[PDB]
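The chain below stands alone and is given as structure tokens, in the form solved without its partner chain.
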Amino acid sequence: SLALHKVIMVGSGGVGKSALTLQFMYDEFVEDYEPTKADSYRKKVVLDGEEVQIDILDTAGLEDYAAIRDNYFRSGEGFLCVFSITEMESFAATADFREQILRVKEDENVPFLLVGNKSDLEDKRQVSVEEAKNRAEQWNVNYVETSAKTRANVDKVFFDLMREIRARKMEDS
């Protein structure tokens, strides 16, 4: 039976969680903002020779109830922690998102990638590449800048996350 890798999009409102998901799923991108509640997507892909399925849970950057947020996080196996390079506060918000994730999952090596989205808006950069890399290195995770608009590194973040999820499964069994 085809493996199933469960990905959870995490990050402040507006960073591009939905845009990254939709670019990856359907090769589409729209400029208009569309506040998300909670949407689940599934797609068949070939991962290193194997036909597998990726499941992506895309939710709002802000959830009123902590218990609900925990239920979202708990259903996942790997996380794309997204922040926008044009907004330093979204970058600051990643620390807590990570804390909340480590707690709910109770696992320090939880598959996780720090993602700096909106790389096409370089002229508006508020977060430097070094800052982000340094934060990622201290968290012992990789950092990748993406652009849901031009597709830059979009497949890369989802596939890299799938490989980390697959790695944990290979040992934890």
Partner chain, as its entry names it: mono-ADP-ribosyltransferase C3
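Residue numbers count along the first chain shown, from 1.
Quick note: we don't show the form solved in complex with its partner chain, though the next part is all about it.
The putative spot formed by 122, 125 and 133 is fully lined by its partner chain in the deposited complex; each residue has a non-hydrogen atom within 4.5 angstroms of it. Proximity of residue 48 to its partner chain in the deposited complex falls outside the 4.5 Å heavy atom cutoff.
Although the partner is absent from this view, residue 107 stays clear of its partner chain in the deposited complex, with no non-hydrogen atom inside 4.5 angstroms.
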